[PDB]
2 protein chains.
Amino acid sequence: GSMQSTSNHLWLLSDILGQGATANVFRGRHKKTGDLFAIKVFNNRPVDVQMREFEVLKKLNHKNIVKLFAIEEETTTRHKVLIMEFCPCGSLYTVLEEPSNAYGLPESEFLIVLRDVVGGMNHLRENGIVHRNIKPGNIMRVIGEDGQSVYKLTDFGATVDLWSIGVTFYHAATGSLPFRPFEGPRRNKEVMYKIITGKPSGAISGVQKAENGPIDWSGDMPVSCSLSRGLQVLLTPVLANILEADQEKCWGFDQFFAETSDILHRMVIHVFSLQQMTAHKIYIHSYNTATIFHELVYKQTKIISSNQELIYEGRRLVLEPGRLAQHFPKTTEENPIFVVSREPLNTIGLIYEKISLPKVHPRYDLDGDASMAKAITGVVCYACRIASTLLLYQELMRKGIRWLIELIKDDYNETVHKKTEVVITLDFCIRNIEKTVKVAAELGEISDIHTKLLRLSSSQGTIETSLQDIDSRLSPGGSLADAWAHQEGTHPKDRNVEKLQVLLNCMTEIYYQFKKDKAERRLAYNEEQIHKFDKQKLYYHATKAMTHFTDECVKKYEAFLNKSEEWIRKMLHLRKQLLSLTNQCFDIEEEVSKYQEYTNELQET
Amino acid sequence: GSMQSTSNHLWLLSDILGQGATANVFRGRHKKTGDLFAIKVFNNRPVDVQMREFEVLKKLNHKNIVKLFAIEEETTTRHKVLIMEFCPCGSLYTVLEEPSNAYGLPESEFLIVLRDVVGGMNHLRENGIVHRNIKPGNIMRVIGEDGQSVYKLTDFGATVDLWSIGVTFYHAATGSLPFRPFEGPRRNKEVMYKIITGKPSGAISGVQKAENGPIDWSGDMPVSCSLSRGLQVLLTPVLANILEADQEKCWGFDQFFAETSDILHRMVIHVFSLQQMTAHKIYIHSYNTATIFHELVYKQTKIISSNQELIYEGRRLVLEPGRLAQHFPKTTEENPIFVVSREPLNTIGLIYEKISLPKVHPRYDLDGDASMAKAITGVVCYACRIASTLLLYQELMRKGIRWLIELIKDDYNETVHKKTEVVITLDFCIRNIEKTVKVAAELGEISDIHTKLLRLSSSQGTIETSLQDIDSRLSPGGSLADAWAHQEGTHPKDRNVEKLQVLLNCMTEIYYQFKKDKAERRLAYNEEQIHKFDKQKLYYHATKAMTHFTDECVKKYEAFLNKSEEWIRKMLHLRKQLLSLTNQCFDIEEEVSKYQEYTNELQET
Ligand SMILES: O=C(NCCCNc1nc(Nc2cccc(NC(=O)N3CCCC3)c2)ncc1I)c1cccs1
Ligand SMILES: O=C(NCCCNc1nc(Nc2cccc(NC(=O)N3CCCC3)c2)ncc1I)c1cccs1
Ligand SMILES: [Cl-]
Ligand SMILES: [Cl-]
Ligand SMILES: [Hg+2]
Ligand SMILES: [Hg+2]
Ligand SMILES: [Hg+2]
Ligand SMILES: [Hg+2]
Ligand SMILES: [Hg+2]
Ligand SMILES: [Hg+2]
Ligand SMILES: [Hg+2]
Ligand SMILES: [Hg+2]
Ligand SMILES: [Hg+2]
Ligand SMILES: [Hg+2]
C-alpha cells in the first residue's frame, strides 16, 4: 500500500478519482492540516512557458470553476502535480448514474446545472479561455452551504463547444443521449456520423430502434422527461438552435447567453388546471404582467384569459391585469393556484410513458448485470415518481374541489342575499299599494300596476324553489357531493409510494453492490452465488412493484379520474343554472326599481 | 477468516450481531437459498427436556416476536445453535444511538414501539411466558413492507417486568435513563439503589446533578422530550404507576393493557392555538364527541368551549357538538385546525430547552471522544429540530392570520349586506310618510313618527363612517396589515434548516467514523492525526451552527413573535368594535320593524 507525496501533500494511489492519458487524479490530504484536496499528477513544451501559464490560471477565482490552489513537484520524480479543490460528491456523471435520475434530473436540480455551467463558461470567455471538451465527466458537484448543489467546471486543456454542451443538457434532461445508433455510438461510429450530419434542422434527437433500422427523429422532449411543460417549451428552442449541423446557422454565444439568462431569470408559478386535471409550472419574469400570465396559462391550458377563474387557499383570487408577478401569493407544487373555466374542457389527467421491465439476461456477466441493474432500477424510480405524482394530482383535485364548492356556496349566499334585498323593496311597494288604496280609470290603472307587479312575485316563487334545488344539490346528500373522491382513488394513508420505496431500496442496494462486484473483476465461489441470488431477487422485487403499481396505484387512479370527469360535468351545469338564476334576480330588480317611483299625479292649485 | 457452519447454514465469525455469556449471535446465510438469517450459537439440563421446550417456541407465530425457524447442530461440535429471523436494522438501542434520537424518538416512531412491545408482551402472557429482562437491546427493529418500523421481541430465557419496560419507555421518550446517579448507574450502584427505593411515589425520574449531590425528582417529562403535550399527559400516569417502589401498589397487567390500548386506539387531531402561538395534538377516541374535543382543547389551551372559534382551510369550521371524531376533516401538523378566541390570551410561543455544547476534552481518547461526538451531535439535531419547529410555527401563524382576516372580511361583508337590507326598508317607510303626507293632532303625531325615525337614519350615518373605518383598517395600508409577517421572522427560502443540516451531516459522518475508530482499538500514526483533526472540526462545525442558530433563527423568530403579540391585540379590539357595530344594526332593524306597520286608524261606517 505505497503512496506518493509532495512537500505539502500525500495520497494513496488506491484512492484514485480520475484517470487520463496525460495524468491521473487522486484524493489526498494536506500534510499540515489534514484537509482533503484533489491531486492531479502528470507522468509526462519548454519549462517556463508553463510557469507563466500556471500563474494566470491561479488567478481564476469563480464559483463555477474548481479552484486551483497550488502547483507542486512530486518527491520521487520531478514531474509536475496539481493541487486542486476536491469535490466529495463527484461529477454530473456520478449523479446521472443514479437510477432516480435515469430519466433526467429533477427540474429544480437541472436548473442549478444550467445556471452553474453557463456562469463557468462565460467566466472562461470573459478571460479568453476555451474548454474544448465540456462533458458530464468534466462537471463536478459539491454541496453548497445551503444544501443546494453547486456545479464547478474542471479538466480544460466557440460553436464546437455548444454541441457538447447541448448533448450534455439533453442527457441531463432525459437521462439519455440525444443521438443513439443501435447498441451504442462507439459500437456504431459510422451510423452516428450519418445521424449527426444527416440530422434534419430543428431536430433535437435521433434514435435507431432496430439494428440497421431507421432513425426516429423528434423535436420534442420524451414524455419520461421530468421537466415541466413550461420549461420544455423554453428549453427546446435553445437545443434545436445549438444542435444545428451547418455551423453557418449556428446561434452564437451572446444570443445563447441572453436566451438562457432569460430562462434563469424567470420565476415559477405553480398552477393546477382543475378541469383538465393537469399541473403546470408557469415560467414568468418578475416584471411581466398578469395579462401576460393569463396568456401563458392559455398556452398550457388553452383557456382564454376571459375564461380564467382563479382560486387560492380556499378563496377566489382576483388579479389586477397589471399586477407584477413578484407580488403574487407564494405557491408550491403542493400549494398551487387553481384554474377553472365556465366552458367545457376535455379531462386530460397525467400523461406519462408506459415503460415495461427489460428482460434479465440469465448469463452471469459482471459488466452486463451491473448495466442491467441500473436500467431495471431506473424504471421503478420512474414508476415511483409517477405514483407520487398521481397521488399529488388526486390530493390536489380533492382539495380544489372542496374549495370550489365553498366558493359556489359563497356565490349562492351572495345571490340569496340579493333576492332578500329585492323581495323587501318589492313587498313594501306592493303592500303600499293596498294600504294607499284603502284610503274608474284610476282603478283601471292600478290593477295593471298590481297584476303586472304580482307577476314579479309569482316569478320569484319560481326562483325560490329553484335555488332551494341548487342548495339541495350542494348539500351532503346532494348530487354534487364530495364523498366519492374519498371513496375513489388512493390516499396518503395507503402508503403506496412507501410500499414501493421499500422495494426500490432493496433493489438499489443490490444495484450498488453489483456496481461494486463489477469493479472487482472476479468473485470467490460464495460471492459468485450471492450475485446470482441477488440477481434473481432483483427481478422478483421489480415484478412485485410493477404489479402493485399497475393493479393498485394506476387502476384506482383511473377510476377516480373517470368519476371526476362526470362530476365536473355536473358542476358546470349547476353554475350555468345558477348564473341564469342570478341574472333573473338582476332583471327583476331593475323592473321593480321603476315601479317604485311610479308615483305620478297632477293637482289643482 | 474461518467460519463455522451447519448442514443448512454457514456464517463468518467476524459477522457477529450479539454476544452473551451463554451464547453468541452471528449473521449467516441459508446454504441453499443464500437468505440472511440470525444464527444463535450455544457453546454450553437433560437433552430431551429441551427437545420438548423447543417445540412450543417453534409454534409461536406473532408479528412482534422474532421468528424462530429451526434448531440445528453445528458441524464441528454438537453444541446446539438457533436459526432465527435476522433483523437488518438492528435494535431499539441502535436507534437510540442516533443523535437525532438523543432527546427521544419522534412521536410517530415512539407509538410504533409502544404498540409492538405491548402486543409482544401480551402474546407471551397469553401463552404463559415471562420475559425476565426486557430492554432496548432485546428489542429489534425491522422495516415493514409499508416503510414503517415493526418492532419484534427476542432473547427471553409479572410486575418486575413492568419496571424494565418503564425505564425503556422513559429512555425511548427522552433519549435518557430516568434514574441517573452522577457519572453512571454502574459507577454508582449504591447511589442508584437509594434512588430507586427512596423514590417518592408518583415520581418518574431522579437525577443527581453534582457528585454526592442531591436528586432532582420530577413527575413531568423534560422540555426536550419531543412527544406532544397531549401524549405526555396520557403517558405520564402510566409510568408513574408502573415505576412504583412498593410492589403492594403496583398496577398490574390487565389495567396496564387497558390504559395503553386506550392510548393506542386514540387518533390525533392537529390543532394550532393562534393567540398562544402553540401547536397541539389532541388525542381523542373515534367515538368521543366534539363536546369532549372542546374540553380536550381547553385542557391544553385554557380556552373554554364557548370561546373556541374554529378555522380550517381558510374558512370557519362549525362542529355539531355530537359529531364524532372519525368524521372530522383530515389534519396534519402542517394542516391543523386553527383555534381563536374573542377573549385576550397571553402569547406563549414555542417552549424549548436551552442547551449549550458540552466541552470537548482535548485528551485523545477513543472511548471518550466517541461518547462526546454523540452528545455534541445530539444537541445540534435538537437545535435543528427546534429550528424546524420555529419555522413551522411562523409559517402556520402567517397562514392562519391570512385566513382570519378573510373570515372577518366575510363577517364585514355579511354585516354590510344587513345594513343595506335595513336601509332599504327604512327608506321605503320614511319616503312613504312624505308621499302619503302630501295626500293638528295628526301632524303633531306624524312629526314624532318622523323625527324619531330620522334619528335612526342619523344613527346609521354614525355606523357607516365607522364601518368604512374598519374597512380602512382591513385594507393593505390598514393598521391591521399582513405585510409585517413577511418582513419579520424567517421563511423557507432562507434555507436555515438546510444550512444547519449541512453542518449536521459533516458532524454526523465524523461521529460515525469515531464510532468506527473506537471499535478498532488503536490507530496508525496517520489515522491518529486525522482523528485529532476531525475532533477539532467537530467543535468548529458545532460552534458555527449554534451561532447561526441563536443569531439568525431564534433572534428573527422572537422579533416576529413580539410583533404578533401586539398585532393580535389590535385584531381583538377590531372584532369587539365590529361586534358592537353588528349588534347596533340588529337593534336598529327591530326598532324599524315596529314602525313599519305603525299604521293605525279608525273610520266611520
Ligand atoms: O477526470 C478528470 N478530471 C475530473 C475528475 C477528477 N477531478 C476531481 N475529482 C473530484 N472528485 C471526485 C471525482 C470522482 C469521483 C468522486 N466521488 C465519487 O465517485 N463518489 C463519492 C462517494 C460516492 C462516490 C469525486 N474532485 C476534484 C477534482 I479536480 C481528469 C482526467 C484526466 C485529467 S483530469
Ligand atoms: O443480543 C442478543 N440478542 C438480540 C440481538 C442479536 N439477535 C439478533 N440480531 C439481529 N440483528 C442485528 C443485531 C445487532 C445489530 C444489527 N445491525 C446493526 O448494528 N446495524 C445495521 C447496519 C447499521 C448497523 C442487527 N437480528 C436478529 C437477531 I435473533 C443476545 C445475546 C445473548 C444471547 S441473545
Ligand atoms: Cl481535473
Ligand atoms: Cl436473540
Ligand atoms: Hg455526496
Ligand atoms: Hg425515483
Ligand atoms: Hg419516487
Ligand atoms: Hg314606494
Ligand atoms: Hg436488498
Ligand atoms: Hg436499516
Ligand atoms: Hg435532528
Ligand atoms: Hg432536524
Ligand atoms: Hg310601510
Ligand atoms: Hg465531514
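Since every read-out is calculated from the coordinates, none of them should be taken as a lab result. Counting neighbours? That spans all protein chains shown, and the Cβs are built from the backbone with ideal geometry, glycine included.
Based on the alpha-carbon gyration tensor of the stretch A:265-344 and its eigenvalue square roots a ≥ b ≥ c, which shape applies: rounded if a/c is under 1.5, prolate if not and a/b is larger than b/c, or oblate?
It is rounded, given that a/c, with a ≥ b ≥ c, falls under 1.5.
Sort out for me the Cα centre separation of the stretch A:368-400 from the stretch B:553-605, rounded to whole Å.
First find each Cα centre; the distance between them is then 54 Å.
Gain in length, A:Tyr93 to A:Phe69, computed as 0.36 nm per residue apart minus the alpha-carbon separation, to one decimal in nm?
Length gained, A:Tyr93 through A:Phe69: 6.2 nm.
Taking other Cβ within 10 Å of each residue's Cβ, how do B:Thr278, B:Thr462, A:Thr605, A:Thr377 sort, fewest first?
By the 10 Å Cβ count, ascending: A:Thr605, B:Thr462, B:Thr278, A:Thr377.
What is the average number of partner chain Cβ atoms found within 10 Å of a Cβ in A:410-418? Please list the in-between numbers first.
Numbers: counts 3, 0, 0, 4, 2, 0, 0, 6, 1.
Average per residue, whole number: 2.
What is the sum of charges around A:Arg495, taking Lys and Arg as +1, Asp and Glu as -1, for the other residues whose C-beta is under 12 Å from the C-beta of A:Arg495?
Net charge around A:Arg495: -3.
Test of understanding: ordering B:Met140, A:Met546, B:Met3 by Cβ neighbours within 10 Å, fewest first, what list do you get?
B:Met3, A:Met546, B:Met140
Which distances, shortest first and in nm, link B:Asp35 to the matching position in the other copies, using label points set 7 Å out along Cα to C-beta?
Nearest first, the other copies' label points are 5.4 nm away.
Considering every residue in B:419-432, what mean count of other chain Cβ atoms within 10 Å of its Cβ is obtained?
3
What is the stretch A:186-305 by shape, rounded, prolate or oblate, if you read a ≥ b ≥ c off the alpha carbon gyration tensor as root eigenvalues and call it rounded for a/c under 1.5, prolate for a/b larger than b/c, and oblate otherwise?
Because a/c hits 1.5 or more and a/b fails to exceed b/c, the stretch A:186-305 counts as oblate.
With just the Cα atoms defining each centre, how far is the stretch A:133-160 from the stretch A:264-283? Give it in Å.
A separation of 29 Å, based on Cα centres.
Could you compute the net charge surrounding A:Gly157? Neighbours are other residues with a C-beta less than 15 Å from the C-beta of A:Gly157; K and R count +1, D and E count -1.
+2
Please provide three numbers in whole Å: the alpha-carbon extents of the stretch A:385-457 along the principal axes, with the largest listed first.
Ordered largest first, the stretch A:385-457 gives principal extents of 84, 16, 8 Å.
State the answer as a single residue: which of A:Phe37, A:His79, A:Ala21 lies farthest towards the positive end of the charge dipole of the stretch A:8-125, with beta carbon charges of +1 for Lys and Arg and -1 for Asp and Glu, about the Cα centre.
A:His79
Starting from the coordinates of the alpha-carbon atoms of the stretch B:87-264, obtain the Kirkwood hydrodynamic radius over all distinct pairs and give the value in Å to one decimal.
16.9
Given the peptides A:587-599, B:310-322, arrange them by the average over their residues of other C-beta atoms within 10 Å, most packed first.
Working: A:587-599: 13.3, B:310-322: 15.3.
Top to bottom by mean Cβ count within 10 Å: B:310-322, A:587-599.
Mean 1/r over all different Cα pairs, inverted: what Kirkwood radius does chain A give, in Å?
Result for chain A, one decimal place: 29.9 Å.
For B:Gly1, which inter-copy label distances result when the label point lies 7 Å beyond Cα on the Cα-to-Cβ vector, reported in nm to one decimal and in ascending order?
Spelled out, the distances from B:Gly1's label point are 1.5 nm.
Any idea what the relative contact order of the stretch B:265-344 is, in percent, if you count C-alpha pairs under 8 Å spaced at least 6 apart?
39
Work out the mean other chain Cβ neighbour count within 10 Å for the residues of A:143-149 and drop it here as an integer.
Working: counts 4, 4, 6, 7, 9, 4, 0.
Counting Cβ atoms of other protein chains within 10 Å of each residue's Cβ and averaging gives 5.
Taking 41 Å as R0, compute the FRET efficiency from the Cβ-Cβ separation of A:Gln148 and B:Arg186 and round it to 0.05.
Values: r = 46 Å, r/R0 = 1.12.
Between A:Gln148 and B:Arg186 the formula returns 0.35.
Could you please report the charge total around B:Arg342, scoring K, R as +1 and D, E as -1 over all other residues with beta-carbon less than 15 angstrom from its beta-carbon?
Surrounding charge for B:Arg342 is +3.
With the cut-off at 1.5 for a/c, could you classify the stretch A:57-134 from its C-alpha gyration tensor as rounded, prolate or oblate?
oblate
Rounded to whole Å and sorted largest first, what semi-axes of the equivalent ellipsoid does the C-alpha gyration tensor of the stretch B:364-605 yield via the square root of 5 times each eigenvalue? Display every interim value, and only then the final one.
Values: eigenvalues 1164, 35, 23 Å².
Calculated on Cα positions only, the semi-axes equal 76, 13, 11 Å.
Only helical DSSP H runs with n ≥ 4 go in: add -39500 (n - 2.57) per run for chain A, normalise by residue count and round the 222 nm mean residue ellipticity to 500 deg cm²/dmol.
Helices in chain A give a 222 nm mean residue ellipticity of -16500 deg cm²/dmol.
Take A:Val56 and B:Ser7, extend 7 Å from each Cα along the Cα→Cβ direction, and tell me the distance between the two endpoints in nm.
Spacing of the two 7 Å Cα→Cβ label points: 7.9 nm.
Could you tell me, in Å, what Rg and Dmax come out for the Cα atoms of the protein assembly as shown?
Every Cα atom of the protein assembly as shown included, Rg and Dmax give 38.0, 137 Å.
What list of ³J(HN,Hα) couplings, whole Hz, do you get for the stretch A:477-483 from phi and the Karplus terms 6.51, -1.76, 1.60, once you set θ to phi - 60° and write x for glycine and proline?
x, x, 6, 9, 5, 8, 2
Between A:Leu36 and A:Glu520, what is the FRET efficiency for a Förster distance of 35 Å, r being their Cβ-Cβ separation, to the nearest 0.05?
Efficiency computed from Cβ-Cβ geometry: 0.90.
Using +1 at the Cβ of each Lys and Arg and -1 at the Cβ of each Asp and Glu in the stretch B:373-480, identify which of B:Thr389, B:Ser472, B:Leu404 lies farthest towards the dipole's positive end.
Value computed over the given set: B:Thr389.
Give me P(r) over the stretch A:3-86, computed from all C-alpha to C-alpha distances, binned every 5 Å, as integer percentages.
Using 5 Å bins, I get a P(r) of 3, 14, 25, 26, 20, 10, 2 for the stretch A:3-86.
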